[PDB]
$ cat start_34.txt   # compact mmCIF, C-alpha atoms and all ligand atoms
# COMPACT_ATOMS: atom_id res chain seq x y z
CA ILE A 1 134.09 221.11 116.59
CA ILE A 2 136.74 222.98 118.60
CA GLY A 3 139.24 221.05 120.72
CA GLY A 4 138.04 217.57 119.74
CA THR A 5 139.42 214.47 118.02
CA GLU A 6 138.91 212.91 114.58
CA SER A 7 136.07 210.34 114.83
CA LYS A 8 136.94 206.72 114.06
CA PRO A 9 135.66 206.55 110.44
CA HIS A 10 132.01 205.40 110.21
CA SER A 11 131.80 204.93 114.02
CA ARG A 12 128.70 207.20 114.18
CA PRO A 13 126.65 205.68 111.32
CA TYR A 14 123.53 207.82 111.94
CA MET A 15 125.45 211.08 111.17
CA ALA A 16 124.07 213.19 108.31
CA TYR A 17 125.84 215.93 106.33
CA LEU A 18 123.38 218.54 105.00
CA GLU A 19 123.91 220.96 102.10
CA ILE A 20 121.34 223.76 102.32
CA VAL A 21 120.33 225.76 99.28
CA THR A 22 118.78 229.22 99.23
CA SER A 23 117.80 231.33 96.21
CA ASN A 24 120.14 234.31 96.92
CA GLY A 25 123.39 232.95 98.36
CA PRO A 26 125.73 229.93 98.00
CA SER A 27 125.30 226.61 99.84
CA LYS A 28 125.40 226.49 103.64
CA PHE A 29 126.02 223.33 105.67
CA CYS A 30 124.65 221.62 108.79
CA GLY A 31 124.77 218.29 110.56
CA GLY A 32 121.83 216.04 111.41
CA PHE A 33 121.12 212.43 112.35
CA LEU A 34 119.10 209.57 110.87
CA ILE A 35 116.31 208.53 113.28
CA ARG A 36 114.31 206.45 110.76
CA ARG A 37 115.40 205.08 107.38
CA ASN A 38 113.59 208.06 105.74
CA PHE A 39 113.83 210.75 108.46
CA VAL A 40 116.69 213.01 109.59
CA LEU A 41 116.47 215.24 112.67
CA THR A 42 118.29 218.61 112.63
CA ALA A 43 117.89 222.31 113.58
CA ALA A 44 115.07 224.50 112.19
CA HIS A 45 117.60 227.25 111.35
CA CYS A 46 119.01 224.76 108.77
CA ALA A 47 115.82 225.04 106.64
CA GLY A 48 116.19 226.19 103.05
CA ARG A 49 114.63 226.09 99.60
CA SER A 50 116.09 222.62 99.10
CA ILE A 51 118.38 220.30 101.08
CA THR A 52 120.63 217.37 100.17
CA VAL A 53 121.63 214.69 102.72
CA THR A 54 124.83 212.63 102.58
CA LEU A 55 124.93 209.52 104.79
CA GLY A 56 127.94 207.26 105.28
CA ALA A 57 130.60 210.01 105.22
CA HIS A 58 133.86 210.46 107.06
CA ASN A 59 136.04 212.68 104.85
CA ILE A 60 133.37 214.70 103.03
CA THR A 61 135.87 215.65 100.24
CA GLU A 62 136.48 212.04 99.12
CA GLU A 63 133.59 210.10 97.53
CA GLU A 64 133.47 206.44 98.58
CA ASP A 65 131.14 203.44 98.34
CA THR A 66 129.69 204.07 101.84
CA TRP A 67 128.21 207.40 100.62
CA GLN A 68 124.46 207.60 100.13
CA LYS A 69 123.40 210.96 98.65
CA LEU A 70 119.69 211.26 99.35
CA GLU A 71 116.98 213.68 98.20
CA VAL A 72 114.76 215.44 100.74
CA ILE A 73 111.07 215.55 99.69
CA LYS A 74 109.69 217.69 102.52
CA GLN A 75 110.90 219.80 105.47
CA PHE A 76 108.95 219.83 108.75
CA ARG A 77 110.10 222.89 110.74
CA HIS A 78 108.69 223.16 114.28
CA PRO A 79 105.53 225.31 113.90
CA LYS A 80 106.53 227.56 116.84
CA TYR A 81 110.15 228.12 115.68
CA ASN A 82 111.04 231.77 116.33
CA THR A 83 113.85 233.37 114.28
CA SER A 84 114.38 236.11 116.94
CA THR A 85 114.57 234.03 120.16
CA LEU A 86 115.58 230.78 118.40
CA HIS A 87 113.09 228.89 120.60
CA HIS A 88 112.00 225.51 119.21
CA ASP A 89 115.04 225.14 116.93
CA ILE A 90 114.15 221.68 115.61
CA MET A 91 113.22 220.21 112.21
CA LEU A 92 112.51 216.83 110.62
CA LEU A 93 113.53 216.03 107.03
CA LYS A 94 111.66 213.33 105.15
CA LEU A 95 113.80 211.56 102.58
CA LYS A 96 112.46 210.62 99.16
CA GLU A 97 113.45 206.98 99.70
CA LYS A 98 114.50 204.90 102.70
CA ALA A 99 118.27 204.75 103.18
CA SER A 100 120.09 201.45 102.78
CA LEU A 101 121.33 199.84 105.98
CA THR A 102 125.10 199.17 105.90
CA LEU A 103 127.92 199.03 108.44
CA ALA A 104 128.44 202.76 107.77
CA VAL A 105 124.74 203.81 107.72
CA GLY A 106 122.15 203.06 110.39
CA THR A 107 119.41 204.71 112.44
CA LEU A 108 119.51 206.06 115.99
CA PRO A 109 115.88 205.65 117.23
CA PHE A 110 114.89 207.11 120.59
CA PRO A 111 114.40 204.77 123.59
CA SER A 112 110.93 204.78 125.17
CA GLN A 113 112.12 206.85 128.18
CA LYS A 114 112.08 210.66 127.79
CA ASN A 115 113.43 211.67 131.21
CA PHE A 116 114.68 215.22 131.77
CA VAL A 117 118.49 215.29 131.78
CA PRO A 118 119.87 217.40 134.66
CA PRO A 119 123.21 219.26 134.71
CA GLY A 120 126.45 217.53 135.64
CA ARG A 121 127.31 214.67 133.25
CA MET A 122 129.59 214.46 130.19
CA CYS A 123 128.11 214.00 126.70
CA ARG A 124 129.64 213.87 123.20
CA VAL A 125 128.87 215.90 120.04
CA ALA A 126 130.15 215.30 116.47
CA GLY A 127 130.30 217.44 113.32
CA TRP A 128 132.17 218.73 110.27
CA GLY A 129 132.12 222.34 111.49
CA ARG A 130 134.90 224.86 112.01
CA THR A 131 137.75 223.91 114.35
CA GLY A 132 138.26 227.53 115.44
CA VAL A 133 137.06 231.10 114.81
CA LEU A 134 139.38 231.68 111.87
CA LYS A 135 139.42 228.05 110.66
CA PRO A 136 137.42 226.47 107.86
CA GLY A 137 135.06 223.53 108.29
CA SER A 138 136.74 220.15 108.93
CA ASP A 139 137.02 217.77 105.98
CA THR A 140 136.77 214.84 108.49
CA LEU A 141 134.08 214.13 111.09
CA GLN A 142 135.27 215.41 114.49
CA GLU A 143 133.92 214.83 118.02
CA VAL A 144 134.36 216.25 121.52
CA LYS A 145 133.27 215.37 125.09
CA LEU A 146 131.52 218.31 126.83
CA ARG A 147 130.10 219.04 130.28
CA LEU A 148 126.40 219.71 130.73
CA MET A 149 126.31 222.92 132.75
CA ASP A 150 123.85 224.37 135.22
CA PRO A 151 121.46 226.75 133.36
CA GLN A 152 122.91 229.87 135.04
CA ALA A 153 126.06 229.28 132.94
CA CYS A 154 123.96 230.25 129.86
CA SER A 155 122.20 233.28 131.44
CA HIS A 156 124.06 235.72 129.15
CA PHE A 157 122.05 234.24 126.27
CA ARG A 158 119.05 236.33 127.26
CA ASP A 159 116.55 234.09 125.41
CA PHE A 160 117.95 230.82 126.82
CA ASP A 161 115.48 228.71 128.80
CA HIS A 162 116.35 225.68 130.93
CA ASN A 163 113.08 223.85 130.12
CA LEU A 164 113.69 224.10 126.36
CA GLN A 165 117.47 223.90 126.01
CA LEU A 166 120.67 222.37 127.34
CA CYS A 167 123.68 224.48 128.34
CA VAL A 168 126.77 222.72 126.99
CA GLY A 169 130.52 223.21 127.54
CA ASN A 170 132.61 224.22 130.57
CA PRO A 171 133.56 227.92 130.07
CA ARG A 172 137.07 227.19 131.43
CA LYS A 173 137.92 225.07 128.35
CA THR A 174 137.98 225.79 124.59
CA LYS A 175 136.16 222.54 123.76
CA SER A 176 132.84 223.28 122.00
CA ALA A 177 130.43 222.72 119.17
CA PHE A 178 130.72 225.64 116.74
CA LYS A 179 129.66 227.03 113.36
CA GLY A 180 129.06 224.23 110.87
CA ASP A 181 128.07 221.80 113.65
CA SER A 182 124.44 223.10 113.68
CA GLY A 183 121.83 220.32 113.82
CA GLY A 184 124.21 217.58 115.00
CA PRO A 185 123.29 215.34 117.99
CA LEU A 186 124.57 215.51 121.54
CA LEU A 187 124.75 211.93 122.84
CA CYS A 188 124.74 211.16 126.57
CA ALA A 189 125.55 207.48 127.30
CA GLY A 190 124.72 206.67 123.67
CA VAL A 191 121.30 208.41 123.70
CA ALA A 192 120.59 211.61 121.73
CA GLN A 193 119.59 214.32 124.22
CA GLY A 194 120.44 217.57 122.41
CA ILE A 195 120.72 219.29 118.99
CA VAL A 196 123.43 221.93 118.33
CA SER A 197 121.57 225.29 118.07
CA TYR A 198 123.68 228.43 118.67
CA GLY A 199 126.35 230.18 120.71
CA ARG A 200 128.86 233.04 120.65
CA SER A 201 130.61 234.22 117.45
CA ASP A 202 133.91 234.19 119.39
CA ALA A 203 133.45 230.48 120.29
CA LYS A 204 133.62 230.96 124.09
CA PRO A 205 131.56 228.14 125.61
CA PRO A 206 128.96 227.26 126.73
CA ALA A 207 126.75 226.79 123.67
CA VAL A 208 122.97 226.27 123.50
CA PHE A 209 121.44 222.97 122.39
CA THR A 210 117.77 222.10 121.80
CA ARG A 211 116.58 219.82 124.64
CA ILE A 212 115.17 216.81 122.79
CA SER A 213 113.05 215.46 125.69
CA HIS A 214 110.80 218.53 125.44
CA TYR A 215 110.04 217.83 121.73
CA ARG A 216 109.47 214.05 121.92
CA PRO A 217 105.64 214.43 121.53
CA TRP A 218 106.04 216.61 118.44
CA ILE A 219 108.65 214.25 116.90
CA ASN A 220 106.31 211.30 117.48
CA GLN A 221 103.35 213.19 115.91
CA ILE A 222 105.27 213.96 112.71
CA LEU A 223 106.71 210.41 112.41
CA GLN A 224 103.32 208.73 112.96
CA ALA A 225 101.50 210.95 110.37
CA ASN A 226 104.13 210.81 107.59
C1 LIG B 301 122.29 227.37 107.86
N1 LIG B 301 123.35 227.95 108.68
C2 LIG B 301 124.39 227.05 109.12
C3 LIG B 301 123.33 229.26 109.00
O1 LIG B 301 122.45 229.99 108.63
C4 LIG B 301 124.46 229.77 109.86
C5 LIG B 301 124.25 229.44 111.32
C6 LIG B 301 125.09 228.74 112.13
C7 LIG B 301 126.33 228.08 111.75
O2 LIG B 301 127.15 228.62 111.03
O3 LIG B 301 126.43 226.84 112.11
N2 LIG B 301 124.53 228.63 113.40
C8 LIG B 301 125.13 228.04 114.58
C9 LIG B 301 126.07 228.97 115.30
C10 LIG B 301 126.20 230.29 114.90
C11 LIG B 301 127.05 231.17 115.57
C12 LIG B 301 127.79 230.76 116.63
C13 LIG B 301 127.68 229.44 117.12
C14 LIG B 301 128.43 228.99 118.22
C15 LIG B 301 128.29 227.70 118.68
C16 LIG B 301 127.45 226.81 118.04
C17 LIG B 301 126.72 227.20 116.94
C18 LIG B 301 126.81 228.53 116.44
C19 LIG B 301 123.34 229.35 113.41
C20 LIG B 301 122.43 229.55 114.44
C21 LIG B 301 121.27 230.27 114.19
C22 LIG B 301 121.07 230.78 112.90
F1 LIG B 301 119.94 231.51 112.66
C23 LIG B 301 121.97 230.60 111.87
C24 LIG B 301 123.13 229.86 112.12
ZN ZN B 302 135.04 204.77 104.42

$ encode --input "start_34.txt" --output "structure tokens"
Amino acid sequence: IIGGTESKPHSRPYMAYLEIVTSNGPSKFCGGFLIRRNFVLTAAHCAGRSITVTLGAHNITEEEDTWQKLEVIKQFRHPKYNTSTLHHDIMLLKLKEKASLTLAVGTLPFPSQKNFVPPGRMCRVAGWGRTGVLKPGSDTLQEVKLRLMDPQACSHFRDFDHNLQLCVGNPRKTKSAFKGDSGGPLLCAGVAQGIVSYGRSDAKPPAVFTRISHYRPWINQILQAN
């Protein structure tokens, strides 16, 4: 998160910290969010050979009683995810057991409504990602308020599509999701409407988020069958 604030500790109890293992490099990291006691939603580009989930964190360097370190038993990457275009950048993680409900750990289920969110409003995104181009990942959960932009603001991303994705962050400001924030939720009036997907290496906003409303049928299908 660039240009944001430290979150009040445990104030976003659905937030998930993901460690992603591959066979031929060290760990990579993403965010995510708990939508059922045994399901985390995140980005498809966060898939790996194996994933660990930590719920209940604020400072990810200091173990505390709120932590729940949970095993993932299966990854459900969107079947039409495209590594070239990055269309359909969405994935569900099924946890081996249901998480415990505590003050610091809780679900964020979707409301029944799945209305298309137009440009114009402010929304908030949280993550443990880098706080600038040359800066390491944050040890503490950070958050920032960002403007939903008209789709023409994201035209330079030649594979961006308005139907599939949100365009997030006023280009006149530095405020943005960035590397290490992948898979984290964008909340608009307390409702998850986006997932951090990608943007520019040089951090100039806007960035591209998966538009959750488009994927609600798929999410429902996976949850009901598993
Ligand atoms: C498992 N991970 C994490 C990786 O493989 C590295 C990775 C990241 C990242 O580091 O988070 N992001 C997000 C990202 C990248 C570049 C610039 C961005 C500017 C804004 C927002 C997000 C940005 C990816 C998007 C597509 C992809 F195929 C891979 C990645
Ligand atoms: Zn604590």

$ residues_near_ligand --input "start_34.txt" --ligand "ligand ZN 302 (chain B)" --cutoff "9 Å" --atoms "only C-alpha atoms and all ligand atoms" --output "CSV table (one decimal) with C-alpha atoms, in the coordinates of the input"
chain,number,residue,atom,x,y,z
A,9,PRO,CA,135.7,206.6,110.4
A,10,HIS,CA,132.0,205.4,110.2
A,56,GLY,CA,127.9,207.3,105.3
A,57,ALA,CA,130.6,210.0,105.2
A,58,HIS,CA,133.9,210.5,107.1
A,59,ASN,CA,136.0,212.7,104.8
A,63,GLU,CA,133.6,210.1,97.5
A,64,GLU,CA,133.5,206.4,98.6
A,65,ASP,CA,131.1,203.4,98.3
A,66,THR,CA,129.7,204.1,101.8
A,67,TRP,CA,128.2,207.4,100.6
A,104,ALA,CA,128.4,202.8,107.8

$ residues_near_ligand --input "start_34.txt" --ligand "ligand LIG 301 (chain B)" --cutoff "6 Å" --atoms "all atoms listed in the file" --output "PyMOL selection string"
chain A and resi 28-30+45-46+177-182+197-201+203+207

$ residues_around --input "start_34.txt" --residues "range 137-144 of chain A" --least-positions-apart "5" --cutoff "6 Å" --atoms "all atoms listed in the file" --output "JSON, numbers by chain"
{"A": [4, 5, 6, 7, 58, 59, 60, 124, 125, 126, 127, 128, 129, 130]}

$ write_last_selection --input "start_34.txt" --atoms "C-alpha atoms" --output "PDB file, in the frame of the given file"
ATOM      1  CA  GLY A   4     138.040 217.570 119.740  1.00  0.00           C
ATOM      2  CA  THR A   5     139.420 214.470 118.020  1.00  0.00           C
ATOM      3  CA  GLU A   6     138.910 212.910 114.580  1.00  0.00           C
ATOM      4  CA  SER A   7     136.070 210.340 114.830  1.00  0.00           C
ATOM      5  CA  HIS A  58     133.860 210.460 107.060  1.00  0.00           C
ATOM      6  CA  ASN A  59     136.040 212.680 104.850  1.00  0.00           C
ATOM      7  CA  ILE A  60     133.370 214.700 103.030  1.00  0.00           C
ATOM      8  CA  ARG A 124     129.640 213.870 123.200  1.00  0.00           C
ATOM      9  CA  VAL A 125     128.870 215.900 120.040  1.00  0.00           C
ATOM     10  CA  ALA A 126     130.150 215.300 116.470  1.00  0.00           C
ATOM     11  CA  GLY A 127     130.300 217.440 113.320  1.00  0.00           C
ATOM     12  CA  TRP A 128     132.170 218.730 110.270  1.00  0.00           C
ATOM     13  CA  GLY A 129     132.120 222.340 111.490  1.00  0.00           C
ATOM     14  CA  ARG A 130     134.900 224.860 112.010  1.00  0.00           C
TER      15      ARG A 130
END

$ residues_near_point --input "start_34.txt" --point "(114.9, 218.5, 121.4)" --cutoff "10 Å" --atoms "only C-alpha atoms" --output "PyMOL selection string"
chain A and resi 41-43+88-91+164-166+185+192-196+209-216+218-219

$ closest_residue --input "start_34.txt" --among "A:117, A:122, A:134, A:225" --to "residue 163 in chain A" --atoms "only C-alpha atoms"
A:117

$ residues_around --input "start_34.txt" --residues "residue 153 in chain A" --least-positions-apart "6" --cutoff "9 Å" --atoms "all atoms listed in the file" --output "MDAnalysis selection string"
chainID A and resid 167:168 170:171 206

$ atom_distance --input "start_34.txt" --atom1 "CA of residue 135 in chain A" --atom2 "CA of residue 54 in chain A"
22.7 Å
